[PDB]
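First come two forms of one protein chain, each written alone as structure tokens, so that there is a structure 1 and a structure 2.
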Structure 1
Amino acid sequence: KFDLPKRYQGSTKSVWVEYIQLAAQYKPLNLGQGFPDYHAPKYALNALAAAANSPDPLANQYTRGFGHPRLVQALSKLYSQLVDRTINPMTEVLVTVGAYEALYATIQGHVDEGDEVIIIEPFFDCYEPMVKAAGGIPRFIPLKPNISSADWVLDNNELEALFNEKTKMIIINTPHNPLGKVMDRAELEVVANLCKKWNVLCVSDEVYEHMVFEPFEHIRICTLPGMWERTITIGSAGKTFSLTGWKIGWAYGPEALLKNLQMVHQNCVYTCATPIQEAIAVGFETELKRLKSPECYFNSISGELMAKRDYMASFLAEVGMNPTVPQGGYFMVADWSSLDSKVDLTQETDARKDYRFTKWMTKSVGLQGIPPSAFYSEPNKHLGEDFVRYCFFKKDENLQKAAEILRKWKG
């Protein structure tokens, strides 16, 4: 009687669980955690401590359900500048439990039974189960390499063909997790034109918006002609400020679209943590004062990461993988398949080769990455099997340890 309801049938644990257990068992040099292994900007940490210690007793009591006022004010001040439109802080911004819950409120609020939703593989892992749980029908299309993340592209004919009147939503993720692909203007117009043609909602997951490397540029699809009225754009304080344990994010867009998200949110979590939102608001006000200065965190994070990106691409090419150099973000996918005659995966029991390889590497060599086949639909999982995802948001000494491990191993 108490089995999962239909909309959840065949739910399983995320890939993260077994990889966290694997890391605890073997204690590898861990390049699988998508978060830094050093500390976030001190102004932000100090702001959380100040909110805990606040002399205002209301600092740690309930705040406004759709978002703490100081925070939605700051979010509107920033994004209004970026999108060149004044965004209403009360009706056109919704604060959520991470970008994760902004995706959840968006998909539950706008996907009904039978609605088709286009998802681009490799997908952020929640897109498929959230669409399924809403009674939607996912329609998958993969990015495939033609190297740079710019070389991983969609087949436009395939994409055009997937859209029709039953398409309710497309989810795009730029910069992309985990490729680092930054959609260029032409790629954004491809999506925007199909969305206008078919009257589709575009949900743009832009959590890595501040982490684009020179000479690329983050462009927001909501600014394209006719897109404001049919786009919901999503960001994350965890990704903006490198504080993934804070779990606060947001959706912004027209009030008409945000109403559906508000109905979901108000009877899912109702409201989000007050002192965390206060600290994040302080973080935004700090950056708003120096937005054009190089020490703004929004501007400095890319140069901080680029040296690390380059160092990883170099050591991975040296051991004989072929890395896809990302245009943004802190993940790198590499093709390990030329090492396959140099590794013994015969005692690895998983169905897909990149699980076998990543588990073998943790156990044998003490270096942990993540299997990108986890981010494909079952019929396209073969496209992930030659690859591995690493994170380079790591202390230099740990990147150097990873390099040493691979040097030793090749020797």
Structure 2
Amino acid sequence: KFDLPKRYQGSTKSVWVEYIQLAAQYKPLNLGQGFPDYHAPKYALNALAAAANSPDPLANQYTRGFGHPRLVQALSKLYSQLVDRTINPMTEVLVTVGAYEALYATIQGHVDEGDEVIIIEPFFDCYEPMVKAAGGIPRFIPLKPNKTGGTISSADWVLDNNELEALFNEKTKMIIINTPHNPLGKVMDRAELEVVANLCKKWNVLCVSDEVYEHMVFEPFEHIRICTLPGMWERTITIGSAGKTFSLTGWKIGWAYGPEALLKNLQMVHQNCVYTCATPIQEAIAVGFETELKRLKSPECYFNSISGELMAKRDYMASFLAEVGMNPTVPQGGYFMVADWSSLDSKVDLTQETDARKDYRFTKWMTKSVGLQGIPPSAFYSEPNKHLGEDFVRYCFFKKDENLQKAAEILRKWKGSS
């Protein structure tokens, strides 16, 4: 065989392939997909069909490059109101293949051979490999919970401020923030936003805000975007996804917005990476935004209704998890839940990648033995910090009510309904 692509990371340790194979083999109740197991808003789906059947022959041929005009116009209209700034749809917006390619273009376009990039743990999968492929030097800080009080919220997962400030120096090029957080569901409050913002200003660093779950914060809390804080617009790039916005994860269309000066770099990467994105999908998404745009302050707006929809599911999962004996972290946003398992550790029941990490062991055991699949949070930590995720497990509650209930009956039957 060959070897290394050319001094790469070869992240074949992509948890997803491993767990997809496991689910295929054991067919469990799958709480590990990362997407809804039912249908997305009908208007969006019909929009794609209408684009496919469009009478315009150009509806399915190459579109602009930096973004389908109908789409970038709609995105500028939405985010212009959200950040109270007129965003230039042609120079301050870039459509990319999902938020994923947006991340890639921003790190590939702004991180060079020895640049430091601080990453908050647990991190979304691609953050470290992308940094490393850009030649950058990742610098990790974990979010860690406060275990006292009883109940636990994603708000209780916090950073050490002294550690955080010590991580920043003149070599810091970039910091990647994820709000709402995957998978904790943590929503950064203004104070937390201010801590990062002041650091970025003090050391002149680019702030990359992964805000894919921006519309899913649960009522008590509020999503606040760092690009709105004093002095941050000029040093922030924020990212979103149509997949997350409209629950159409297989559509793989996302975007970055920010000052043209910063977006320029993403453009040079994008243009010689994929050059342009699917035209019928971008048209369908544009009509989806136009639709919501007309009812943005209405409770039936999908941007407003998603949270109510998921909140019931979140409280249900939190409840049955606590039931079985786990301690769930209640998320402030998103559709993932992390819970601390204190069931039979690496005892008679565990014996797998024993060498490896216990959360892998547990999650594969429950799939095989109980028929319930979750994901191991250890996968989202740097090797030296992996032990912080070993007591936990990630579940997704964006699921049909009957499947959530099946999961509850399996845990009850496993536990012993009292």
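Counting starts at 1 with the first residue of structure 1 and goes up one by one along its sequence. In this text, the rigid core denotes the largest set of C-alpha atoms whose superposition between the two forms falls within 1.5 Å.
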| remark: Of the residues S293, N267, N199, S338, superposed on the core between the two structures, only the C-alpha of one moves by 2 Å or more, and that residue is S338
| Core fit, then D350 C-alpha moves 2 Å or more between the two structures | yes
| task | Align both forms on the core first, then report whether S11 has a C-alpha shift of 2 Å or more between the two structures. | result | yes
| said: If I align on the rigid core, how far apart are the two C-alpha positions of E214 between the two structures? Answer in Å. | reply: 1.2
